[PDB]
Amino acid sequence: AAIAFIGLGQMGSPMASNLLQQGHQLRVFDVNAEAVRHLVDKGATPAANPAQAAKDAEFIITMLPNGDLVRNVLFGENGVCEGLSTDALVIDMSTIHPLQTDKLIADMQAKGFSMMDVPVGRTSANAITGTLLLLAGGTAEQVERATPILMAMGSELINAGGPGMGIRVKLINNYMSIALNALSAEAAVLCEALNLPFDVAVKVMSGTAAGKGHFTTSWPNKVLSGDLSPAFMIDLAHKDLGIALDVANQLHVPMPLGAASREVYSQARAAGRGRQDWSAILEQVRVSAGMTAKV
């Protein structure tokens, strides 16, 4: 197919490279002329701007650092919209604000253009080997049309379930992993301060929610089944957090996420949940967010 590829960064370059290997004709653009030259050496045609990249393209892929740059490439001076056919499909593979993705898709549809969000999981090493995780937003029809192109860049495609759902699931995933890293560090540094070999902690945690997560362990048969009868009471969880923070403060291990988490359990106790299962923290956060209680 005729493809325009805008954004030849650490992810974009290997993604574009895999499309060339699968026999697509690429017109490429990036602000960095050396990055363009590298794709031209692999068989891409250079374009002077996004509009020229888009001219006669069936698929327009953007892979850019943020939503302001995506908007500028699509709607700015010499933007994709100046070169775009109404039969073409724009695929934004960028990680940007989901409400910016919604507004770009709406603004494209107002001009008779089709756009879908397919951000990716895994890092540039996986981009090189075409083993990215494709988080495919867009309509079922758009995902079906894009899939042959997308499978050149990734090895696994997840149906995110609609326009803007790809960037939403990417954002939930990255929010959880990035925050989890800071909490993981607190546990590991407290472990070191207590002179406990980390491998012993990892062995224990690999067998509990500590290492496996709550989503598929503690939650399914309790809060997610509407059952808050306790396996492990909020009062006990709150007590154990207080012990961890007592130790951390005696050993000068700063634990901001632990300190914040205890005040969440304290709010749950103030709301009368002390004898509920620890999975009831999900319902407490829903109520704090103004949502209707499910249990």
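We number the residues from 1 along the sequence you see.
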Original post:
Mean C-alpha B factor from the entry: is it higher for 152-160 or for 81-89?
Top reply: 81-89
**OP:** Look over 174-182 and 200-208 in the entry and identify the one with the greater average Cα temperature factor.
**Re:** 200-208
Original post:
Per the coordinate record, which of the options 251, 35, 241, 60 holds the highest CA temperature factor?
Top reply: 35
**OP:** Classify residue 192 as lowest, middle or highest third according to the C-alpha B-factor given in the PDB entry, relative to its own chain.
**Re:** lowest
Original post:
C-alpha B factor of residue 291, ranked within the chain: lowest, middle or highest third?
Top reply: highest
**OP:** Give the position of residue 30 by CA B-factor within its chain, expressed as the lowest, middle or highest third.
**Re:** middle
Original post:
With respect to C-alpha B-factor, does residue 263 fall in the lowest, middle or highest third of the chain as deposited?
Top reply: lowest
**OP:** Report the third (lowest, middle or highest) to which the CA temperature factor of residue 4 belongs, ranking only the modelled residues of the same chain.
**Re:** lowest
